[PDB]
Amino acid sequence: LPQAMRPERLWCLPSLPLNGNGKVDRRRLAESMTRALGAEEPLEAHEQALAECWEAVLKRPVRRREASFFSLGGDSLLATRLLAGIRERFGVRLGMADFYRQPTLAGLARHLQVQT
Amino acid sequence: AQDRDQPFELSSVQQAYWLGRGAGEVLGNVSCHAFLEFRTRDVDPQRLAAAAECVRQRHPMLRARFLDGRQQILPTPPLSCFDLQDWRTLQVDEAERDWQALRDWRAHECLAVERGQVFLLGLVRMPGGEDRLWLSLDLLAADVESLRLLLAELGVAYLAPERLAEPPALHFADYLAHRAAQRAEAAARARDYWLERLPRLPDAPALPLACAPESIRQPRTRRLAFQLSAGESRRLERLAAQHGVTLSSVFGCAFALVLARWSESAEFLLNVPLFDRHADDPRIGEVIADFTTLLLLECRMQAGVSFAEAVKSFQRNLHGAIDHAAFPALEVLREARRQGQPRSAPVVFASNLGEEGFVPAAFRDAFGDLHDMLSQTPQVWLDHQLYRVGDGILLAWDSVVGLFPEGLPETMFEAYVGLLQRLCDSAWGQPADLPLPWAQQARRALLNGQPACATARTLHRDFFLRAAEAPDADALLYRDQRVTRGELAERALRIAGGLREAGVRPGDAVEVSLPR
Amino acid sequence: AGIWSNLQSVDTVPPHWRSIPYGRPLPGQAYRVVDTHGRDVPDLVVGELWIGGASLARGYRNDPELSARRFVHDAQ
Amino acid sequence: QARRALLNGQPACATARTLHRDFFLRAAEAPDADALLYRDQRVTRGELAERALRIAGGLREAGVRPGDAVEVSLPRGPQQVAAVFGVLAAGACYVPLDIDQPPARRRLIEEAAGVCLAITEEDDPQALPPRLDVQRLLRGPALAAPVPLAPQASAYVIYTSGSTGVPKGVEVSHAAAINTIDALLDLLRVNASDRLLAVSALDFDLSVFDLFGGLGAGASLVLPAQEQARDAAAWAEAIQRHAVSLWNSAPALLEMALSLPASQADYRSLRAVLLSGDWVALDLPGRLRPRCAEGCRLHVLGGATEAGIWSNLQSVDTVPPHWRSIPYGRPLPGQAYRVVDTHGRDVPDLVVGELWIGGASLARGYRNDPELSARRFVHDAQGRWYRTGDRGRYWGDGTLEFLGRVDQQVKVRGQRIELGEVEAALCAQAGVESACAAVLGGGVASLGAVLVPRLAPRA
Ligand SMILES: Nc1ncnc2c1ncn2[C@@H]1O[C@H](COP(=O)(O)O)[C@@H](O)[C@H]1O
Ligand SMILES: *P(=O)(O)OCC(C)(C)[C@@H](O)C(=O)NCCC(=O)NCCS
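Calculation notes
- All residue numbers given refer to positions from 1 along each chain's written sequence rather than to the entry's numbering, and residues for which no coordinates exist are omitted.
- Just so you know, chain letters begin at A and ligand numbers begin at 1, following the order they were written in.
- Readers should keep in mind that the chains presented make up only part of a larger assembly and that every value pertains to that part.
- Each side-chain value is derived from all of the structure's non-hydrogen atoms; neither hydrogens nor water enter the calculation.
- For this description, a residue counts as near a given molecule or strand if any of its non-hydrogen atoms is within 4 Å of it.
- Whenever two N or O atoms come within 3.5 Å, that pair is a polar contact, provided that in protein one can donate a hydrogen and the other can accept it, and provided that, for residues adjacent in sequence, both atoms are side-chain atoms.
- Methods summary: accessible areas were calculated by the Shrake-Rupley approach with a probe of 1.4 Å, and residue burial reflects only the protein chains presented.
- A helix here means a DSSP run of H or I that spans at least four residues, while a strand means a run of E at least two residues long, and both kinds are numbered starting from the N terminus.
- Segmentation of the chain into domains, including their bounds, is taken from an automatic or database domain assignment.
- The contact criterion used is simple: two residues touch if any of their non-hydrogen atoms lie within 4.5 Å.
- The term buried area denotes the loss of accessible surface (1.4 Å probe radius) that occurs when two parts are joined, taken as the sum for both partners.
- We define a salt bridge as a side-chain nitrogen of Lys or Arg found within 4 Å of a carboxyl oxygen belonging to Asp or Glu.
- Residue classes follow a fixed rule: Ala, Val, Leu, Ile, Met, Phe, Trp, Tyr, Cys and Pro count as nonpolar, while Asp, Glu, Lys and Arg count as charged, and any other residue, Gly among them, counts as polar.
- Partly exposed residues are those whose accessible area sits between 20% and 50% of the maximum for their type, while under 20% is buried and over 50% is exposed, using a 1.4 Å probe and protein chains only.
- By definition, two strands form a pair when at least two bridges between them are found by DSSP.

Per the deposition metadata, cryo-EM was the technique used to determine this entry, at a resolution of 3.78 Å.

Spelled out as structure tokens, the structure:
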């Protein structure tokens, strides 16, 4: 599942509810999850390293671990400047295959952790 | 001077296909090269070798090295520009089968643009006495009209290098340092229009897929091809003029109707390359460089309108969005990604419909007209191009293998061709609406045709007969007790009499609110 | 449709299914897959499903207006 | 609608291909085999293939190229056959204007077909279509194989009659022609033992079956000569000599053949029979059953050129009594019949309406009349339809009864006239062979009618 088909919040049951006429109760399910709904600083060394890189790419404040490359300046051209900066920062073979399934700074920090 | 030998930035669309080499880029991992296959009889490999490396030395863009999202030009590249396969030595059928190995490879090939190899001519000299003169050009170097300029220069450089008129001196980087900055007010002024529309732009053309576009590691392009006759072309052109619309607008409208009919949505983005010449030098029609800007045409294709309305509409939409094209499709789609909406135009309409013939006359004379071709355009499911071939017109649909359901681009194209000559052969006051491909609609008429096995009767009629036939036979079983057909029937008929007594009568409605 | 409009028999599941499909339209009845404009869409093209033919219910009882939106008439 | 959708839904037999393909296959397979039989001489597939491809290379030498178009105006014979195959193998579209046709009608078409070359006995580059001798074209180089075509390109432009005032060119794609042909080949099992008879003029599309049907199946197209264009005695000899199995004609030409007694004219080689393009008299199968072979297998076929060679087939072993015309049977595989009202809505069964022919057998349109094509061809939710102007009606078994035309089935100062019932009632007189009727010129706009006697030959 790519990004817009993530359950951007998620839930579970022992057994799905059943509608009067026997269906899975997708009405009740949607509305229960609806009622069950009702950024933060760089703390990790990988988050700081990404903020050094991302800010040097974007020229704009990456004061946030929940920063999203897409909304900040999502371009695949700028992803080359990011790729080069992190390829220098850690000696890792970063690429868009890794990055664009994990496009937020706290999600990408997990890729720096594995040093590959 | 953004001096001739310095590293310099990629022009807008050059970034798009440059990033299209990225292995994880959406339907990336590929060149964006055109591969041309010609046939001709017997042509000198020494003239060809000399011609290829002549046009490289004449035209700096054909020797451009690509690294780091920029282009830097090699004074002479490390890698040879002509792939001579002098197979006059082979047997014919071995040479053919081995040509299929070379063909697939070269035609799908990620060309070595890092080593200056944007342009790669070649020739398999088939021992049937047929020189399959061929041409892999990465469109990174060149606009497809600039590819016919490459053919113009090659045709001359083979025929008579003495007739090569001028080194066309305006350097492509100096043109970019001009034209991009010159248009930059119009880039912002259009970026306004696009920004203010990013939610209201349509989607990608929602065609059917057997693989989602990110989920194949190499888009093997398959061309689909149809040479419209010289006469079909004339009839399109007369009708185009009689409706006041460019021939490119007609094929574009018709394609947008097919794509609409094959999309989940009749509104979608398709990309149009605009082969821009609005720099003041008359040799800008002569420099072999990527003057393309890419236009994000948000086409919106109603039913029920005549084709004449749909094309006048499509032409207004094309000519209007051409004003807004000074902000490039690339940066619009980046702006949509910056808005967090992953729109794209992964389908292209490349209307190379200048009047001269696509292969320019010198090259047609030197070898032959275009025999076959492929476009390896990245991020694009379906690269539809058009080319004048003879005084006829080649329709190319450079689909991607396996991305679509098998047979779909074939069928969808056979329906597109069927439409385009329904536009030759019936006036455009006819409905824009296509037929389905008849074989599909015939299958569906069979499915929908299956006879009514209905022994059409009131819904109870069987049961009250089954009851009269076997009154003791079990009809319902419950927690222990069971009701025979006769019992259920007599009970139901007592209720029925109770209901006529209660003033209920036929077709009037009765709630039933009983535990099972 | 009354109770139904299809029978996909399922002796065994072929590997290209992504959901169990609606089978052949049942005897005496039919399906179209259609555009927003009601024109039939090609094979594999996703569109709205319309049911037709000799199994159709009459309408939404005392609601004629939803019945004219949700039931439609064509040369088909 | 369920029954009619089953019929219109019957799937294509189309091996969807360039119309000529299978003859060039059959020729590469057996160059020795009889493509044609003629006045006394016969022509093999190899001869015809090379002759046609020499004409094609002559035609590319004459600048004819993919879907440009060529008048073909030759005496019936191997020169005519090699000419149309040579136009088709140039990838071009042939415009047969059979040379019996007057120069007056031809001259309307010489511009209207957009016809950029003509084939004749004659070289004359100063003619309106620059005009070429079939024999000088036979002196051309061979194209070693036919020019490549995808099937949707134009194959032929058969021209409708001068009755229209300005003739129209029915431009038929290879796909349309070959869907029709294939869809019929599969019912006829046309094979190496078969020999067709081209009683067809070339400006009539039964010849397109005679050609690409017969020769694509490798069955031999037996030719009458040009001076044999109505010579039923030569046709009878040809059936008996060149052993014809697959008669194909308008029914008047089989009435012409059956006018000759069995002892003089042995048809017992006819394995199956195709009748077309005009009313079959109901009794005609009844007459034909003793004359043709055992397993007589008449087929009566329907529809204009705008839906390929035909669009229907009714097999006849014997007439079921309630037929008042031999119906169009089922629509042919891959093509369809709607019957519509005037307002384009489909009529119910047994209601007379206009016949609309649909699907994988339709003509492109009219060759340079897109404007009239938009009236005679239409597009619905049900896709493309050719509007025949024929009148007819479905039956309860989906059989499609034929009931004349929008012309002919007209008012005359009052009530609608069933002129087919005028024909039938004059044919219900004893001693009538056939009968006919019309509506006339002048301010009175009068009805008119015509009788023909039967003679009953004797010794
Ligand atoms: N079997 C037939 N019986 C009566 N009319 C026919 C028959 N076959 C074709 N026609 C129709 O009468 C005209 C003859 O065909 P055509 O010369 O192709 O235009 C057209 O209007 C046909 O649709
Ligand atoms: P990046 O942010 O620079 O590029 C991302 C992209 C969304 C523009 C890209 O993935 C894409 O969809 N490219 C389309 C390229 C195209 O249509 N080229 C036609 C060349 S004529």
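Novice: Can you break down the site of ligand 2 residue by residue, with the values?
Specialist: Neighbouring ligand 2 are 16 residues, the closest being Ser-76 of chain A together with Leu-19, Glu-25, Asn-271 and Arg-334 of chain B. Residues near ligand 2 are shared among chains A and B, making this a multi-chain site. Here an oxygen atom of ligand 2 sits 2.6 Å away from a polar atom, N or O, in the side chain of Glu-25 of chain B. The separation between an oxygen atom of ligand 2 and a polar side-chain atom of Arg-334 of chain B is 2.7 Å. Within the complex, the protein chains bury 92% of what would otherwise be the 570 Å² of accessible surface of ligand 2. Of all elements in the fold, only α4 (76-90) of chain A together with α1 (12-19), β9 (267-275) and α10 (329-338) of chain B reach the threshold of two or more residues within the shell around ligand 2. Split by domain, the shell around ligand 2 shows at least three residues from each of two domains, domain 1 (7-173) and domain 2 (174-445) of chain B.

Novice: Can you tell me about the domain arrangement of chain B, naming the residues and giving the values?
Specialist: All names here are of chain B. Here chain B is described as being made up of domain 1 (7-173) and domain 2 (174-445). For domain 1 versus domain 2, the separation of C-alpha centres amounts to 24 Å. The partner domain 2 presents 57 residues to the 66 residues of domain 1 that form the contact. Taking both partners together, domain 1 and domain 2 bury about 5300 Å²; carbon and sulfur atoms supply 63% of that area. Among the residues domain 1 hides against domain 2, the three largest losses belong to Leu-27, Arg-148 and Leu-170. Together they make up 15% of the total. Scanning the region where domain 1 abuts domain 2 turns up five salt bridges.

Novice: Explain the site of ligand 1 residue by residue, including any values.
Specialist: Residues and elements named next belong to chain D. Surrounding ligand 1, one finds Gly-277, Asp-278, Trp-279, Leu-301, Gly-302, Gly-303, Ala-304, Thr-305, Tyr-328, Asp-390, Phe-402 and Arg-405. Here an oxygen atom of ligand 1 and a backbone polar atom of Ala-304 are 3.0 Å apart. In the environment of ligand 1, an oxygen atom lies 3.4 Å from a nitrogen or oxygen atom belonging to the side chain of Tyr-328. Protein burial of ligand 1: of its 480 Å² of free accessible surface, 83% is covered by the chains. Mapped onto the shell around ligand 1, the elements with two or more residues apiece are β13 (298-302) and β21 (400-405). Considered class by class, the residues forming the shell around ligand 1 number five nonpolar, four polar and three charged.

Novice: Let's hear about the pairing of strand β5 (residues 117-120) of chain D: which residues, and what values?
Specialist: Residues and elements named next belong to chain D. Burial along β5 is two-sided: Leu-117 and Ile-119 and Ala-118 and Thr-120, pointing in opposite directions, are all buried. Of the pairings in the sheet, the one linking strand β3 (residues 69-72) to β5 comprises three bridges and is parallel in character. Paired with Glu-71 across the bridge in β5 is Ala-118. Looking at chain direction, β5 and strand β6 (residues 131-133) are connected through three bridges and run parallel. Its bridge partner lying in β6, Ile-119 is registered against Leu-132.

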